[PDB]
Amino acid sequence: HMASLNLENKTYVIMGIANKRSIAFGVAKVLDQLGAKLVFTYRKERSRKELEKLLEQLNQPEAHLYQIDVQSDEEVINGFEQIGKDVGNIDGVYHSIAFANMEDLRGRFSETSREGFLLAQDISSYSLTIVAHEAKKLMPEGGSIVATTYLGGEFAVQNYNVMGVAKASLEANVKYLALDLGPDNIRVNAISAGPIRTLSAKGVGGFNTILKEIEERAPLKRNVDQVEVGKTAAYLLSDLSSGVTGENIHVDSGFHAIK
Amino acid sequence: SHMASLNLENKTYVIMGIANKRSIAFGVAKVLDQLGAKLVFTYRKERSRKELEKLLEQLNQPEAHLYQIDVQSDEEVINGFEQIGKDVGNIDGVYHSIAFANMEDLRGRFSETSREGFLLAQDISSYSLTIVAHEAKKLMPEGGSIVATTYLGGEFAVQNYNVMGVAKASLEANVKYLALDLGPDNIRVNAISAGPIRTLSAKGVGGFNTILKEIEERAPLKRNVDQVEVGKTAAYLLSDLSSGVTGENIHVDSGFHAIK
Amino acid sequence: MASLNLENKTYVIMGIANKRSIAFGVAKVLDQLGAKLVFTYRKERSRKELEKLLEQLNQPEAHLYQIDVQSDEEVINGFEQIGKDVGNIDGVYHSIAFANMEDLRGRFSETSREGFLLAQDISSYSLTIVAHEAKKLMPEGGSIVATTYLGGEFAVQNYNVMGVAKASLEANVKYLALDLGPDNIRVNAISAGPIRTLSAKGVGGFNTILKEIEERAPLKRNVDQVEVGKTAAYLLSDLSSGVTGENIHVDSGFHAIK
Amino acid sequence: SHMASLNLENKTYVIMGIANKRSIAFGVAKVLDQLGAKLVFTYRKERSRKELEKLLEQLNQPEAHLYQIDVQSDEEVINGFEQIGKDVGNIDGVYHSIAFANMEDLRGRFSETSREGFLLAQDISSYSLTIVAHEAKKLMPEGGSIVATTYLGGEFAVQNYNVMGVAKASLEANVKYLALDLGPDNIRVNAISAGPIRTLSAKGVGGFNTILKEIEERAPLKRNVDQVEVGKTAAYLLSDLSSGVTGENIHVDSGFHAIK
Ligand SMILES: NC(=O)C1=CN([C@@H]2O[C@H](COP(=O)(O)OP(=O)(O)OC[C@H]3O[C@@H](n4cnc5c(N)ncnc54)[C@H](OP(=O)(O)O)[C@@H]3O)[C@@H](O)[C@H]2O)C=CC1
Ligand SMILES: NC(=O)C1=CN([C@@H]2O[C@H](COP(=O)(O)OP(=O)(O)OC[C@H]3O[C@@H](n4cnc5c(N)ncnc54)[C@H](OP(=O)(O)O)[C@@H]3O)[C@@H](O)[C@H]2O)C=CC1
Ligand SMILES: NC(=O)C1=CN([C@@H]2O[C@H](COP(=O)(O)OP(=O)(O)OC[C@H]3O[C@@H](n4cnc5c(N)ncnc54)[C@H](OP(=O)(O)O)[C@@H]3O)[C@@H](O)[C@H]2O)C=CC1
Ligand SMILES: NC(=O)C1=CN([C@@H]2O[C@H](COP(=O)(O)OP(=O)(O)OC[C@H]3O[C@@H](n4cnc5c(N)ncnc54)[C@H](OP(=O)(O)O)[C@@H]3O)[C@@H](O)[C@H]2O)C=CC1
Ligand SMILES: C=C(CC/C=C/C=C/C[C@H](C)CC(=O)C[C@@H](O)CNC(=O)[C@H](C)[C@@H](C)OC(N)=O)C[C@@H](C)C/C(C)=C/C(=O)O
Ligand SMILES: C=C(CC/C=C/C=C/C[C@H](C)CC(=O)C[C@@H](O)CNC(=O)[C@H](C)[C@@H](C)OC(N)=O)C[C@@H](C)C/C(C)=C/C(=O)O
Ligand SMILES: C=C(CC/C=C/C=C/C[C@H](C)CC(=O)C[C@@H](O)CNC(=O)[C@H](C)[C@@H](C)OC(N)=O)C[C@@H](C)C/C(C)=C/C(=O)O
Ligand SMILES: C=C(CC/C=C/C=C/C[C@H](C)CC(=O)C[C@@H](O)CNC(=O)[C@H](C)[C@@H](C)OC(N)=O)C[C@@H](C)C/C(C)=C/C(=O)O
């Protein structure tokens, strides 16, 4: 049609809020301000308590929360079947889910366990494939799926180890989904976020060193936050990004472009 | 109070490279207009000025500000931007939609390309962005956003693109080096890689209809794109929606870049 | 001194199954350059074929070891045993991949969790564990090479789950290169163009892809197992010193065009 | 009888861009010499001819064939290659090790770059390969291999590379478009992306010792590369060992391209 960022009459599933620092919460704040109906997903019960507390910050009249552990085909198939009944058809999904064992992230990459490797692949990459298959059922008119990645999918970064191979997998997942679901007018894209202080990120060594290197070396000489990812998520989830699919947008102050 | 906003009132954007209603830059203009931006326009030929004045009737621009700039001339570019600074004041960004090569060099085997045809393509299609950026910077002391238009032929050897492929590769590196230079001045530099669109430049190149049909057949979205889709992405990149994005190349091409 | 004389060099070659195997192309080439070759196989059908094929080579002593890369034990034990039988090695050529035909025909979005993680296990993780063990036999340094396809870099029709496995493999190579670089171990990939092999025979319209290469690729021709072998020789020898984390396309220039 | 062979007897290679003993192209020459190849050399300045004659004593080249070619001149390039065709006959490939930009443009902020400095860098550092390829093709009716030398700054914005980064991006696209054009004539075109090396061109740029130290600290192999390592990879790419490889860019840089 034309260029509009008015997301009234739009419904978006947002997977992977855990606390106020979660990137997916940044996405939620932004989509909320633009007047979208938001469905939320969580794994742990601690995340449900946090979500209910955080909905007070939003202008969401009715809370729709669904527990989905992406490790379970059943929790994913049932979760999306249930969303279809409770809220009906949706316009897109924001995927903000990743995990690896701290054991495998400290080790030399060559020491990585078969279990730690396939675990990282399962949660951080395959989750997008099954989520896409199910969400498709609620998007007969078309829609937009967005996953969150890191530069470590494209380059060997110190300490990212097994998560780098998971993100490389995720980034190829996005391309293959984009080619598969394109004929159904479903767009699939990734956001490569710069480093952000979150629940997942807190408790890895010298994370403050990486934040300082970005401020020093990145073109914009600053770090990014959850809302900047949110703004780009709005572009990719809305029809502003029509004709964009299989794309990876770096929201990282230009760090990807330098060496 | 809105964090994420596409409200471009109180924003001024220079748009270089409108020639007719089919121009990609016109798609950009229609979109930025609808979002309530003040638009300055640039043209080379007089045919383009006549067309621009006729087309402003389609827009909600109260005052027409047109400036003749041939990007081959340091003086026309330096003077044009000095004049825009006086007439409209400080700007928030520039959309660059300018390219040219001799049809001679685009038909030939790439190895037959003339030194003159090669350096001409570089001058208009790549260096133009460097000098435009240097001058526009003077009108963006608070920061801003520069966007150039490229094609997948900058990244891969495509049949018949020849000398323009090497110009676009040059443009795409230009964007990265400008992004690194002007980043500390809070100026973002990015490119849009547009899929094929029927325009004045594109009409009269061989079997262009073959390329449009291959996109519809092989590209993920099984369809071609238009000037407005480029316009929408231009709005994202020129607005503060794209804050934290610089040195980036967004493919608006129905996913064609992602497949093989 | 620039030399392709591989006397006094020993190379493990994983993934020979028949005479059409890419790894066999690698073996023929390394043999002609006078290298001692250790071989690995999974199925017994592959052992029978290997013994028959060693007659075509100038290998005095046959060293065959059964390793299924799905098993930590078969991989750890296989490489411990190679260390005893032949001693220290100079590199490993990895030519191993697998996915369920089920998942390769389906729309990629239909892919099963089992089919996906299986492809990752054999086609990508195998390189990580192989590298960990082979390192033990390369205290002076060495070269590891894995085989990939352009489908790791771009979505190609019908490659589906194997594309995501190859994307994983190609990142594996980069992360191994960064980890084992300080131990003077180089890790690189060869992106082979399409070749008629046992694995490749019986997948839909493979003859369409071979014809598109001959028509559209810069060299207007397909490649064979030996061309991969020649590039494998470069990457496994010290000719490629200073090259690590690299992906060489042996594909008639197809990767460079669109 | 050897499928895989690095025996370059009965092979003739033109090597453009030796200036002194530290030149990358000299590393290429030493390696190709040891493998028993007939080597033709090219130079611009007379200082380079004196140095070349002195350096031929280090090689096992029976007959010295030196030709002055300034790649800025179509005539010097067309005539030089016509003359090589008469003196030595048909060749098997060309190693291109030629680049230049004004020190003025390499110190400045990239946005300050002059139109003259930009197009000069493009002319010598990129177009030179196109015209050299067109002429050398005439001496390679059976096929052959052309190799150009590039730097990571063609792919990423690196501090201080400025206008040479845009030239190398141009060169790297040149290689792809030449590979597609000359492939049917069985001519392969590839690039080597060398890590940083102490040479005549490189000496006298600021904090070059900082970049060498960052490579030793951060690159996978925790060491820098030299002219011979580039030479070894040049041997692979120029010989038939690299058959089926064209439009490729091999990083000889201790793995630095693969990390971030
Ligand atoms: N923070 C950063 O610097 C960057 C992050 N990213 C990516 O952004 C995404 C989110 O990161 P961030 O916001 O830091 O992470 P958070 O720690 O805030 O959120 C992680 C989320 O993952 C969810 N999760 C983990 N396992 C599962 C599972 N099996 N099923 C469902 N949900 C699960 C968690 O839910 P619960 O805790 O309830 O399981 C949690 O909500 C990730 O994909 C990450 O790779 C990318 C670049 C940078
Ligand atoms: N159409 C397509 O399929 C694609 C186009 N592109 C790129 O999009 C951009 C514009 O193309 P498109 O809109 O189709 O073409 P148009 O024919 O609509 O526009 C070309 C424009 O370039 C201007 N121009 C040319 N030379 C100069 C100069 N020396 N100084 C100032 N202006 C000049 C022309 O002005 P005048 O008429 O006054 O000379 C004209 O307005 C180019 O960068 C092109 O490479 C990228 C991908 C696809
Ligand atoms: N053929 C082609 O066109 C191309 C192939 N490639 C890649 O080249 C490599 C070799 O394939 P190619 O030579 O065609 O196929 P082959 O049929 O020759 O080989 C498949 C090989 O993988 C081995 N293998 C499979 N599973 C396991 C396992 N669990 N443990 C150990 N070995 C295993 C097989 O052994 P067994 O059968 O005895 O189990 C067999 O040797 C693959 O990585 C492939 O993706 C890349 C580009 C093109
Ligand atoms: N050194 C490094 O750190 C790296 C260098 N490279 C590349 O390697 C190549 C050579 O580098 P390096 O060893 O440093 O170079 P050298 O300084 O040793 O040689 C530079 C050469 O360029 C030649 N040249 C310049 N202009 C012309 C012209 N108009 N016509 C003919 N020849 C000309 C010079 O000839 P004369 O002096 O006779 O004018 C000289 O032979 C370049 O392409 C460079 O970009 C790539 C990565 C790293
Ligand atoms: C180079 C780095 C620093 C090392 C970072 C490793 C992070 C990897 C990704 C995941 C998110 C970390 C992870 O698996 C967390 C757990 O091991 C421990 N924490 C938890 O379990 C908490 C309770 C939950 C909520 O976490 C999850 N995921 O469930 C990368 C950084 C520069 C950038 C970065 C941090 C990228 C990224 O997140 O992918
Ligand atoms: C692979 C292709 C197909 C071949 C098309 C090559 C087009 C290259 C673009 C240049 C800019 C065309 C060009 O310079 C045309 C002029 O020589 C003649 N036309 C004019 O002068 C008219 C009057 C004016 C208005 O035109 C200009 N430019 O001033 C590429 C296509 C599939 C995609 C494409 C068309 C890309 C692109 O535009 O860059
Ligand atoms: C686009 C294509 C065409 C579709 C090709 C799919 C091939 C994927 C490769 C995997 C490895 C094939 C595979 O796993 C098939 C098995 O399910 C059954 N085959 C076997 O079991 C045979 C007997 C054994 C030897 O197989 C194995 N692996 O053990 C890709 C092509 C253009 C290029 C190509 C064929 C690339 C590649 O091999 O990866
Ligand atoms: C990131 C960097 C540091 C910035 C320096 C870049 C230098 C690039 C080389 C260019 C070609 C310098 C140049 O144009 C030379 C002249 O301006 C001055 N020198 C000469 O005139 C001598 C006498 C002659 C023989 O040289 C020439 N061109 O003829 C780059 C480094 C990390 C790596 C590097 C320097 C790469 C490279 O060579 O491109």
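Lettering follows sequence order; numbering is per chain, from 1. FYI, side chains are in, hydrogens and waters are out, and symmetry mates aren't considered; it's all heavy atoms of this structure. Counting convention: from 1, in listed order, for ligands and their atoms alike.
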Contacting atoms of ligand 6, where contact means under 4.0 angstrom from a heavy atom of B:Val158: 1 (C)

Region of B:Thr199 that comes within reach of ligand 6 [heavy atoms, distance under 4.0 Å]: neither

B:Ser128 side, atom OG; B:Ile69 side, atom CD1 - distance, nearest 0.5 Å: 11.0 Å

D:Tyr127 and D:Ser170: side chain donor to acceptor below 3.5 Å: no

Flag if over 12 foreign heavy atoms under 6.0 Å of CZ, B:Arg115: yes

Closest heavy-atom pair and its distance - D:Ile192, D:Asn249: C-OD1, 4.0 Å

Ligand 6 contact on B:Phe100 by region, counting heavy-atom pairs under 4.0 Å: both

Option among B:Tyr151, B:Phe208, B:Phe156 that satisfies the ring-ring contact (aromatic ring centres under 6.0 Å, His included) test with B:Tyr161: B:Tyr151

Within 6.0 Å of CD in D:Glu116, more than 12 heavy atoms from elsewhere: no

Rounded distance [0.5 Å steps], CG in D:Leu56 versus CG in D:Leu66: 5.5 Å

Enclosure of B:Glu46 CD (heavy-atom neighbours >12, cutoff 6.0 Å): yes

Atoms in ligand 6 with a heavy atom of B:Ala99 nearer than 4.0 Å: 11 (C), 28 (N)

Least distance between heavy atoms, B:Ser193 atom then B:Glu155 atom: OG-OE2, 3.9 Å

D:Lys168 to D:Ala99 - nearest heavy-atom pair and separation: NZ-CB, 3.8 Å

N or O contact, B:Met164 vs ligand 6, cut-off under 3.5 Å: no

Nearest non-hydrogen protein atom, atom 32 (C) of ligand 6: B:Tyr151 OH, 3.6 Å

Parallel, tilted or perpendicular, as decided by the 30° and 60° cut-offs, for the rings of D:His257 and D:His251: parallel

Identity and distance of the protein heavy atom lying nearest atom 28 (N) of ligand 6: B:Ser201 OG, 2.4 Å

Close residues, ligand 4: non-hydrogen atom nearer than 4.0 Å: D:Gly17, D:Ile18, D:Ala19, D:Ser23, D:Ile24, D:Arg44, D:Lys45, D:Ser48, D:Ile69, D:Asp70, D:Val71, D:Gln72, D:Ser97, D:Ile98, D:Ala99, D:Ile124, D:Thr149, D:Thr150, D:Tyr151, D:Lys168, D:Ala194, D:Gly195, D:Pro196, D:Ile197, D:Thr199, D:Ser201

Protein heavy atom under 4.0 Å of atom 20 (C) of ligand 6: no

Side-chain heavy-atom pair D:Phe100, D:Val71 within 4.5 angstrom cut-off: no

Shortest protein contact, atom 6 (C) of ligand 6 (heavy atom only): B:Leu106 CD2, 3.8 Å

For atom 23 (C) of ligand 6, closest protein heavy-atom neighbour: B:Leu200 CG, 4.6 Å

Short N-O contact, B:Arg49 and B:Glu53, less than 4.0 angstrom: yes

Test of proximity, B:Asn102 against ligand 6: N or O pairs below 3.5 Å: no

Nearest-neighbour protein heavy atom for atom 35 (C) of ligand 6, which is reported as residue plus atom name and distance: B:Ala202 CB, 4.0 Å

Check: B:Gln159 N/O within less than 3.5 Å of ligand 6 N/O: no

Heavy-atom protein contact below 4.0 Å for atom 17 (O) of ligand 6: yes

Contact check: B:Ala101 vs ligand 6, nitrogen or oxygen atoms, below 3.5 angstrom: yes

For D:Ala148 against D:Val175, the heavy-atom pair lying closest together: CB-CG2, 4.4 Å

Atoms in ligand 6 flagged as close to B:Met103, the criterion being non-hydrogen separation under 4.0 Å: 17 (O)

Nearest-neighbour protein heavy atom for atom 38 (O) of ligand 6, which is reported as residue plus atom name and distance: B:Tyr161 OH, 4.6 Å

